[PDB]
Every structure is written in C-alpha cells, then in structure tokens.
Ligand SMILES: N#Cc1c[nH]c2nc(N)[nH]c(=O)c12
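Single chain ahead, by itself, as structure tokens, in the form solved without the ligand.
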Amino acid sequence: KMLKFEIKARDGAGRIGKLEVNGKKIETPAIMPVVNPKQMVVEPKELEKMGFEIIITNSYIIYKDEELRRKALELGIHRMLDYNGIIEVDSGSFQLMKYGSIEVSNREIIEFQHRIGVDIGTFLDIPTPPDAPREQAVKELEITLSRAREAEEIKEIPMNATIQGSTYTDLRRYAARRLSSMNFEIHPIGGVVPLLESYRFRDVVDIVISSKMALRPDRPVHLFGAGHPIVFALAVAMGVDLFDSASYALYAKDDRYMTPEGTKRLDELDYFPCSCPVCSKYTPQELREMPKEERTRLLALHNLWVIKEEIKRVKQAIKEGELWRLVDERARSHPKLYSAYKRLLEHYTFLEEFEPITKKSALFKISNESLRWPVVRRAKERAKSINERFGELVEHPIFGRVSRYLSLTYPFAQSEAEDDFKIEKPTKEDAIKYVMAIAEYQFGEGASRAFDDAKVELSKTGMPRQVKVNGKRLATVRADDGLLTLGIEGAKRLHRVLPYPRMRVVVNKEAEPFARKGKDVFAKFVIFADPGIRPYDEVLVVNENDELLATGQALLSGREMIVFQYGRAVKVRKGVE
C-alpha cells in the first residue's frame, strides 16, 4: 500500500481528496504541469515554488535521448529536474498514437522508470483514437490489458492503469472493470485528447461516466491530456481527481492566452481579463512587442496561474456545496460545453449515489438546467409520499408545491429562485407533524413511528428544535438545514422501528469497542452498510448482531464505505456507552 487516497470533502460526484504516494502528500483535485526535459519553458523548481507539487514528464523522450537518459540514470529524475514533489511519468504513449509505434518494450520502459526513481509510473497502454474501427479498439485494448498484467507482476512502484476503450462505451466499462480488479493505484482515462481539442465535450462526458460507473470508487481518476481550465469544473463534477497540462506551455509558444472560458490569441486581446503576476503588471500591447522567449515565458506563467486559480475555484465551490452552480456558469463558455453539461445531467442514477444529502449552500435556481440537478430530482421523488400523506401543500418557486411540513427542510427552505419562498412555521399542534414528515423524508418510509409520541420544542422563533419524549432528547431539528440530528435515544428508536439493514453501518469486532466510546468509524473496519446511505446522512453504527453501537453522520455512500480502506466512514456523534 504505497498509495493512500481518502475523501476530505465532496459535492456532486466530485471530491477533494488526500493523496499520499510513498510519503508525499497532495490534495486533489490537482493538475500536473507537463515538463519537456529537452526544452523547459518554466523550470520544475519554479513550478514547485508556484505550488505545483506534482508534475509529469515523458520517460520515453528521456530514454531515447543520450544526454537525458544518462543524466537521469546518474542523478535520478528528481535531482535531474531539481524537483522534490511527486514526479509522474508518461510512457511516450502520445508517440504511440501520433506515430502509431514506439521503439521500446513494455518491460523495458517500466524497468527504466524504476531505475530513475519515478514516483508514479505507467506501462505501454495504447491510446486508441476516437471513432476507431471497433475491431481496432478491441485488439488494442486486449494488448493494453495484456501489458497491464505484465506490469502488475513486475511493478515495484505505484502505477497508472489507463482506461482505453476508444469511443465505445461498452469497451470503457470492460476496461474499467478489468483494471479495477487488478492492483494499480490510479486509473487515468485515455484517448480523450483528440476530443478535447475538438471541443467534443459531450463525447468526453459519456466516456468518463461510462468509465466511472465500472471503476472502484476508491482510486484516483486522471483525465489524461485535459489541461485547459474550461473543463475543470465539469470534469471534477463527474469524479475526475487529476489533470495534466502541456497546453500552458504549448499555447504560450503559439501566443495563445488561457481563460476559464476558453482561449484568446494575443493579437485579439485589448485587455488582460486577469490579475495574476503577469497580467497585473503588463498589458497585451506590451507583450505583443516583447522578445519571443519573454512573451512565451510570461504567457506560460499566466496560463499556469489561470489553471491554478480555476482549481482553487472548483475546490472552494465544493467546500461550500456550489460546484453545480460553477459548472452551470462554465457551461456558458461554449455551445459544445453547454451540450456536454446537459448530457451530464442525464446521468442522474450515477450522480445521485454520491450527491450529499445536505449542503452548506442554499439551492440556487439559476437556469433551466438547475431544475435537473441531482438534489432537485431526489427531493421531488422523495417528497411525493410525504405530500400525499400530510397534505397541506404550499406553493414553491422550484418544486411547485410541497407540504408545509417540509417547508423548513433542505432544499425546500434552503433554496432561492426568481421569487422568494415563504417559510411555513409550525403551530404548537403542528410541531410534531413537522418532525414526522422530516423523518419520513430523511430516513424513509415508516421512520415517523420513531417520533410519533414525541414532544417538539419551539424556539424564540416558531422554529422546531429539540424533540423529546418521556425522558431525554431523541433528536434535534437543525437550524441550518431543517434536517434531524439524531440523539442516541433517537437512534435506538429508529433501530427498532426500521428493519435491518436500513441506515446501518456494520463494523468489525476490532472497531466495535471504539464505536461504543463515540470514536469515529474508519472505512477499513466497515464490513457492510445500507446501499441507500448517502453522504452526510444520519447513520446507525452497528455490529454483526445488529446491536446499536453509536449514531453518527456518513461521509461516504453506503457502497463507498465498503470499498474504501482509508479515511473516515462516519463522524460519530455519540456511542451507546
């Protein structure tokens, strides 16, 4: 286990993760600048200074070059490039698509990668171009899978296992399934380079989602060749964790300027819509007249800053739970992105499994597409049985009509549209009705039985808070999202009321004592869990005999808790002891 990966935060199917490779730690989503050993526009040392803790280079180019090859063997890639972060390596696979062939065996490049001290290696996977004859895509893929088995047996370092089914969805699923069962640490998605350059984003969405549906959720995903900011938000929303970019340098060399919305030619620029170290001091009409080498240098730096800024923008949106809003915003950059964005939203089944049950940010109605965001379809389908039983519906700016009993709950109350939605406060007779509808909504059918005879306390405001019954608190309605925070006594009631495995997270015998003490539950000790659990749901921590150990909040979906071997599964509120 040289590679560890755990989720720290999430929104949509994307996530902020902690990746550790043999002692070197980085936070994802991250982007790795591609560096040309033969001609470095920006020094690896400067890239590291700028905050890029992971870079990538072509091991084949180094291998085929005497001076490079020799220096690499003499000092190791780190000292040769004078870089101390994570150094990933490409197997010149781009020359395998560009030139159809490569002069080196699978075993040889892998061995060379070990000799120069690479942090993350690769093997000779074949990047089948888009729309290739199916026969080709199949043949190349089998060769890729065969080379993958050899690499698995020979590798002594963490390695990428690229998914390569060309534009055939069934092949992507096949490749993804086979590689997931093998032991590699990262799964890049290949063959998308030509699609991105062609702005065929919708084809990229189908290849990425088809790949993610068949991949183990616990391994980092790398969109190979995706080095332009315009796709960051969309890609991260689908679960992509890593990006690589040679475009920052190549665009700079062709006098091209990156923006989060696309690309501009220096000659078409009258102003720099940027405030980075370059754009905050220079002007387009100045740069245009400077020496080639200086112009290339400054454009490359600018490109790197925009890249860095978009990633930080995506991560901050995830933290506040507004990634979908950013994606919607970015989709307006180009018709082809808009098309891809709409296609992505069609994959509701996939996205729904990872969409947090609650978010810090309010639901924003800012387009026709936002009405198709996962949280909206989930809320609509869930509120149905509730509206039917409790009636007393009220007009809603987004959902049309929702029972007044769910009018204080996310995303009904915590949403905003063109017109304001009026919160419907409880009566001292209604109070318990709110808690019951919420329980039904949040915990599912029959869950209201756990709170039937409870007493609901109302604050200074007519807002429901503490839910108590003949003794102590069973739960509390959160001020921020109108959902229930379970108390231990409340977890006991839901445990007897709902049939195993509902809301359950079953842990090892080893972890059982810790849970009883209120300590958090780590995914490695989770042997089983309810498939319906979603990130941030209230959950019942239990042992194999289904004996209550504690109650807490999930950080992963039920299914994820089973697969993940690192990171926390549940943030425990209280243990039975």
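Numbering starts at 1 and runs along the sequence shown.
One more form of this protein should be noted, the form solved in complex with the ligand, which is absent from this view; the next part is about it.
- Taking non-hydrogen atoms only, residue 90 approaches the ligand to within 4.5 angstroms in the entry with it bound.
- Contact annotation for residue 94: at least one heavy atom lies within 4.5 Å of the ligand in the entry with it bound.
- Contact check for residue 356: no non-hydrogen atom falls within 4.5 Å of the ligand in the entry with it bound.
- None of the heavy atoms of residue 462 is located within 4.5 Å of the ligand in the entry with it bound.
- Residues with any non-hydrogen atom within 4.5 angstroms of the ligand in the entry with it bound fall in just one of 79-87, 303-311, 497-505, 183-191: 183-191.
- When contacts are defined as a non-hydrogen atom within 4.5 Å, all of 122, 125 and 164 contact the ligand in the entry with it bound.
- Only one of 451, 412, 224, 201 comes within 4.5 Å of the ligand in the entry with it bound through a heavy atom, and that residue is 224.
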